[PDB]
Amino acid sequence: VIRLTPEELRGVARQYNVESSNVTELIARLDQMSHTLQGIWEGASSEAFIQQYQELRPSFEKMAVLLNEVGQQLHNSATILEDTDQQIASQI
Amino acid sequence: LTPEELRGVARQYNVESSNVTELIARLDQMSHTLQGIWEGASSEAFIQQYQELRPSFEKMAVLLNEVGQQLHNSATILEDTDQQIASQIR
């Protein structure tokens with residue numbers, strides 16, 4: 001089992017915030033790709049993609065919120081852990 | 001609109017498709033790591049949200065790949081149809 005450290009937690013917090021950014025960047029790119037697709041195909045092939053895409057998009061925004069909330073709580077926990085460790089270390 | 005245009009758009013869709021798969025794989029590992037860091041109801045609620053959203057990500061990667069394949073398909077059809085037409089007229 002791992003004896004956890006504040007740097008481990010901050011490392012993982014940064015991954016969560018990075019992946020949140022990757023999600024919204026991806027959605028932005030797919031939003032524009034949808035417009036491109038609308039111009040290069042006829043209406044029905046385009047309408048087939050858009051309806052499914054727009055059904056899934058809100059779950060990507062939910063993922064981005066989740067990953068940032070996790071990132072934030074991991075940073076909070078890392079500060080708590082550093083403090084806990086320092087309290088113990090100082091005591092004498 | 002040219003087969004070249006279509007192929008360029010096709011690969012954008014294929015790139016994003018694999019970006020989504022690759023993201024899911026990173027988040028899967030991260031979720032595992034997170035289970036080792038925390039316990040208690042707040043962490044359980046976070047993990048249950050990730051599990052609830054994950055299926056949407058798998059579906060998106062499938063959707064994007066299909067579009068990419070179809071754009072590739074279109075490009076070829078147009079290229080070959082145009083070549084055949086050029087031939088006819090000559």
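Atoms considered below: every heavy atom in the structure, side chains included; atoms not considered: hydrogens, waters and symmetry mates. So that the names make sense, note that chain A is the first sequence line, chain B the second, and so on, each numbered from 1.
When side chains are defined from C-beta on, B:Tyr13 counts as touching A:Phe49, because their heavy atoms get closer than 4.5 Å. In this structure, A:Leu30 and B:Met60 have side chains that are in contact, with non-hydrogen atoms separated by less than 4.5 Å.
Environment of CD in A:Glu47: crowded, with over 12 heavy atoms of neighbouring residues, nucleotides or ligands closer than 6.0 Å. Counting heavy-atom neighbours within 6.0 Å of A:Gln32 CD, excluding the residue itself, gives a total of 12 or less.
Cluster annotation: A:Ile88 is not connected to A:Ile80 through the hydrophobic network of ILVMFWY side chains, with a link wherever side-chain heavy atoms come within less than 4.5 Å.
Interface residue B:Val67: backbone and side-chain heavy atoms are both found under 4.5 Å from chain A. The part of B:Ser74 that comes within reach of chain A is its side chain, from C-beta onward, which places non-hydrogen atoms under 4.5 angstrom from that chain. For B:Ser56, the parts lying near chain A are the backbone and the side chain together; criterion is any non-hydrogen pair under 4.5 Å. Looking at A:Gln73, both its backbone and its side chain come within 4.5 Å of chain B, counting heavy atoms on both sides. Both the backbone and the side chain of B:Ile37 come within contact range of chain A, each with at least one heavy atom under 4.5 Å from a heavy atom of that chain. No part of B:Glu66 comes within reach of chain A, as not one of its non-hydrogen atoms sits under 4.5 angstrom from that chain.
With chain A as the partner, the residue from B:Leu1, B:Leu64, B:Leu63, B:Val20 showing the most heavy-atom pairs under 4.5 Å is B:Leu63. If you tally non-hydrogen atom pairs under 4.5 Å between each of A:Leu81, A:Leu26, A:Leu4, A:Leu74 and chain B, the highest count goes to A:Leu74.
Expressed to the nearest 0.5 Å, how far CD of B:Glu52 lies from NZ of A:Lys62 amounts to 9.0 Å.
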Apply side chain to side chain contact (heavy atoms under 4.5 Å, CB included) to A:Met33 and B:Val9, showing your working.
CA-CA 8 Å; A:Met33 286 158 66; B:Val9 184; 5.9 Å; no
